[PDB]
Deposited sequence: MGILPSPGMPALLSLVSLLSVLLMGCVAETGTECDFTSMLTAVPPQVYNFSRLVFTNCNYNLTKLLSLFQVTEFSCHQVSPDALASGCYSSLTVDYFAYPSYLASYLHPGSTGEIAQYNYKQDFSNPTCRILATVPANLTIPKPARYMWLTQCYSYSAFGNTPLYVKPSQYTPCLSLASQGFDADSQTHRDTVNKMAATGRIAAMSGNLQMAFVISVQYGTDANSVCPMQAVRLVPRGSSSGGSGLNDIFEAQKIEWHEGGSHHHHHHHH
């Protein structure tokens, strides 16, 4: 009886501010959760697409955010790009699946203005910059700075007290909304399918 409504009735967050659903003591239907969208990727890791819904788990976690599909390659945690460096590092300590989807024009998910993500996050001094890297399954230390948003490319917000800075990039919200889901389960008869 796991609920996915809070995932569908509000505007989705950006990649650096991902939302998290942890389901305990409920029964799920992953087929019903996805048939609503247009899955265009399902790369998994120490699990498989057919075994993802089959199993019974100690706990289940879902992270989700708005994400352009043309940045699909950078969402792998083993990348040296900005998405894994500053926005979202996926934890390979547990079986995880990565789902990229498209929101059909029938689904009434509110859209955001644009896609946003960080290209830099560092502490500054007269001796140079020190990059601040996001930890697996955690949040960037530049979240407080990034919360305000970015309206242009290469726009910087500085925190003059702690001496931190963050730089963002944007992409136009063209056509239907696109999102990304990262599902990680743990091992145990609490969480089961029907």
{"item": "Sequence ranges without modelled C-alpha atoms (deposited numbering)", "value": "1-32, 220-222, 230-270"}
